[PDB]
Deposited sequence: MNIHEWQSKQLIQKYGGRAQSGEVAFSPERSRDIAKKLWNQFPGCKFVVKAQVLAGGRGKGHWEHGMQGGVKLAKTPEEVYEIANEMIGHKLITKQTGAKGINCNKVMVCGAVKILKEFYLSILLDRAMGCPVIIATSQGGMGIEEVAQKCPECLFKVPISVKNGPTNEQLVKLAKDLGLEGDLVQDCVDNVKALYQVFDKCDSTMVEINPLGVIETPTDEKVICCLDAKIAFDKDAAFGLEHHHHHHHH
């Protein structure tokens, strides 16, 4: 069992992580009002409408009625309305869903941000090693694991005491981070592990964990997607 993206990000934020949970909408009218109100804070910003379905590959999926993509960029609130109007109440078809598709009754409206880097990061219970493990890589490709095992970084975690600052500071630099982003990444991975541990999750997968710019061009770590499984 999994929980939706926006709920997963809210749980991450609750434990100190930085994640763009946006705001959930159950109608295109509401999605429009969300984008419209956001223009009070950052006028002229663009928007991203993300179908909230329990399935992966939304960006490269397509809707039964023709529209392409479960993650679509929008320039205005009215564009947000049109896009949301094609998602809410319709069936999306991705790789993970096959031809049966998956129904959608809600989307996530968020602001478009400038993305500098995209990382992968997951936390799971590794039976072979008998402990939790943090997997991460800087590649954009399981594909990257077979064509480049050097690209994957696996960090075994003390089943009792959890991660250490040394483990995380190294994982941050192993991914190419320096300056203030090192501690920022450390703090975020700490929060993600607390989610995994304290919520008895079977997997916490951030695909992508990104380096983004703030409206004033400050570089920060932020979860741009999130999947958390249970039971």
Unmodelled spans of the deposited chain sequence come out as 142 to 144, 235 to 250
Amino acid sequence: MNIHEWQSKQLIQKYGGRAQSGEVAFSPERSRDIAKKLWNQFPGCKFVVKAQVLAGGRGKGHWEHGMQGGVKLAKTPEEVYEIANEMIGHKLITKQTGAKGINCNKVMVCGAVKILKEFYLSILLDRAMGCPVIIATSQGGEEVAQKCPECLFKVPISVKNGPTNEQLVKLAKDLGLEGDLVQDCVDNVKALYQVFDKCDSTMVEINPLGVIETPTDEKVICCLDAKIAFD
From here on, numbers count along this sequence of modelled residues.
Once average C-alpha B-factors are taken from the entry for 156 to 164 and 112 to 120, the winner is 156 to 164
Read off the CA B-factors in the entry, average them over 208 to 216 and over 20 to 28, and name the higher stretch.
208 to 216
Which of these, 197, 178, 33, 187, has its C-alpha atom at the highest B-factor, as the entry lists it?
178
So if I compare the CA B-factors in the entry for 75, 106, 72, 127, which one is the largest?
127
Place residue 3 in the lowest, middle or highest third of its chain's C-alpha B-factors, as listed in the PDB entry.
middle
Third assignment of residue 82 from its chain's C-alpha B-factors:
middle
Going by the recorded CA B-factors, say which third of the chain residue 171 sits in, lowest, middle or highest.
highest
Taking the C-alpha B-factors as the PDB entry records them, is residue 49 in the lowest, middle or highest third of its chain?
lowest
Assigned third (lowest, middle, highest) for the C-alpha B factor of residue 59:
middle
